Every structure is written in C-alpha cells, then in structure tokens.
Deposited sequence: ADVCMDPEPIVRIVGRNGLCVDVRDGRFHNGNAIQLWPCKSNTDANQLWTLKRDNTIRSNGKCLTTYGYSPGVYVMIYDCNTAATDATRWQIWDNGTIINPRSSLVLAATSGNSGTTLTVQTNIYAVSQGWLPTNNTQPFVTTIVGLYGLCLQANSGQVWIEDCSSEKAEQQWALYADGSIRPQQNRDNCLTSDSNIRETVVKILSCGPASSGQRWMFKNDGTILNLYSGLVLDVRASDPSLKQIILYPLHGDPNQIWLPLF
C-alpha cells in the first residue's frame, strides 16, 4: 500500500556515556550552544528533538546548526530560516552516525564530561561520534552468546568466552560501546586496527574508534573503523582470546544478544 510514508518523531538524542544532546540553559537565542548533558525525565523542549522530513533536527522550533564546515567548529541552535540552508541538514545513519552532508563532518562530543559543547569532526567512527534517536535513556543490558553456545565474559582487564552461568551481562550504550555491566566506565576495547589485536577491557575514557562496535544482521559484531569483526581465535574457547579479524562468517564470528 502506497510508498512508505516516513514520519517526524520527537525523540531524545543519546550519545557518549549515555548523555543527551542538550540546548544550553534552555535558552534559544541564535547561536546558543548544543551540549552533552545528563538526560532528563520530563518534557523540557531543550532535550527533545524532532526529526523533520527535510533532514533538519529541531528543538523547540529551532534548527541544530553547524557553525562552519571545518573540523572543530561547534554546533549551535539557530533560526532555521536565517541560517545557512545546508548547515542545518543532517542524516542519521543505521550505524549511529549523524552526518552533515556538505562537509561530511560528523556530530561529535570530544569529551565525555557533562556540559561539553558539541562540534563537528572528521568521521573516524569513534565512540565520541556515536548517537541514537531514542526516548530510552538507559543502555541495553544483555548476554552475548557465541561459539558452542558459550557466553562472552569479562574478568577485569580481559574478555573471553566461557560456559553461561545465569558477570557475563553487558550494557550496550547509545555511543556504540559495549560495557561490562558491573563497571560501566570500562569499554570492550581493541588497541589497533591490525588483523589479530587481542580485544581487551580498558577505560572508555578516550572513546576511541577501537571502542565502537555494531551488531550486524549476519550475527557479527563489527568494529566500524577497522572493518574487522570479533573473532574467537582459532575456534578454540580454551585459548581465552577474542581477536579482531576479517569477516569469513564461520561459527566463531557469529554472536547473538540474548535478552
């Protein structure tokens, strides 16, 4: 029936560390900054955004606008008509990226601190560049099951697979990071973009591109920046090592979020 009629949902935009895209001090004068800020449970328009059909993201009637088309400029609120037309245009990608089609610069939060001003940076698929349109302020906690029915487990600085005893629970954040439920300021990290780097658990501090993942439709967990996927080294749970590796699709690269 008919061609798909897309809507214009009013939603929050969660990003780095689970903070929200926020219009500073609830004021809407042209130029006021957009910032990360603890998400609120209420209806303050300064934290709610409407995804218009024309590709503009609006809060309280104004447009999320970029100051310029250069890495480093800040994002501000601005009158949609007065502002440069294609400086209020953005695309929200399935892999959590919000891009300005014109400069190809991405919405970013170069800091995980409350109150940090939003800017547009060069796309490198970092955690500092992952967002999610949702009214859901809390991260998704699940069990990741893999090879031989074993579960992904974390024991401080390392991560490996082992038999599932119902912590092996993980929190999937809006910024695209996978964090161990018991210590939410720690990220499933991968030092390099090299064909075998052993994935570990370091602090989410840098919000690096090696700390951002995406669950694909084919059952793989992809590292957007490297193009590599979580892999249980040589299908041997014993080795206790999860590595980055090119996609081939065998049972040792397939996972499932069991919720």
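Enquirer: What's missing from the model if you number the deposited sequence from 1?
Expert: Unmodelled stretch: 167-169 only.
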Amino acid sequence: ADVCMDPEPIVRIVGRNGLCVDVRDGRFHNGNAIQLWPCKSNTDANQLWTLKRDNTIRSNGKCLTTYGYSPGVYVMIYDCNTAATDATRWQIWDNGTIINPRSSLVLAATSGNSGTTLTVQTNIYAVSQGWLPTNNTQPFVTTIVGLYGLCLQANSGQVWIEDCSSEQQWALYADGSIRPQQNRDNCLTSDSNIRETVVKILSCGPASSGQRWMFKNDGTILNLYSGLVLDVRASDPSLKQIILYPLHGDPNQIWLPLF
From here on, numbers count along this sequence of modelled residues.
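Enquirer: Taking the mean of the C-alpha B-factors per stretch from the entry, tell me the winner out of 44-52 and 212-220.
Expert: Result of the comparison: 44-52.
Enquirer: Looking only at CA atoms, which has the higher mean B factor in the entry: 223-231 or 34-42?
Expert: Going by the record's values, the stretch with the higher mean is 34-42.
Enquirer: What's the residue among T116, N81, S177, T97 with the greatest CA temperature factor in the PDB record?
Expert: Within the set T116, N81, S177, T97, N81 shows the top C-alpha B-factor.
Enquirer: Have a look at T143, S156, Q129, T134 and flag the one whose Cα has the highest B-factor in the entry.
Expert: Of the candidates given, the C-alpha B-factor peaks at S156.
Enquirer: Mind checking which third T189 falls in for C-alpha B-factor across the chain?
Expert: For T189, whose C-alpha B-factor we compare with every modelled residue in the chain, the answer is the middle third.
Enquirer: Taking the C-alpha B-factors as the PDB entry records them, is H248 in the lowest, middle or highest third of its chain?
Expert: Middle third.
Enquirer: Could you place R24 in the lowest, middle or highest third of its chain by Cα temperature factor, using the values in the record?
Expert: Tercile = middle for this residue's CA B-factor.
Enquirer: Would you mind checking where the Cα B-factor of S165 ranks among the modelled residues of its chain, as the lowest, middle or highest third?
Expert: As the PDB entry reports it, the C-alpha B-factor of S165 lands in the highest third of its chain.
Enquirer: Quick check for you: using the entry's CA B-factors within this chain, is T197 in the lowest, middle or highest third?
Expert: Highest third, going by the recorded CA B-factors of the chain.
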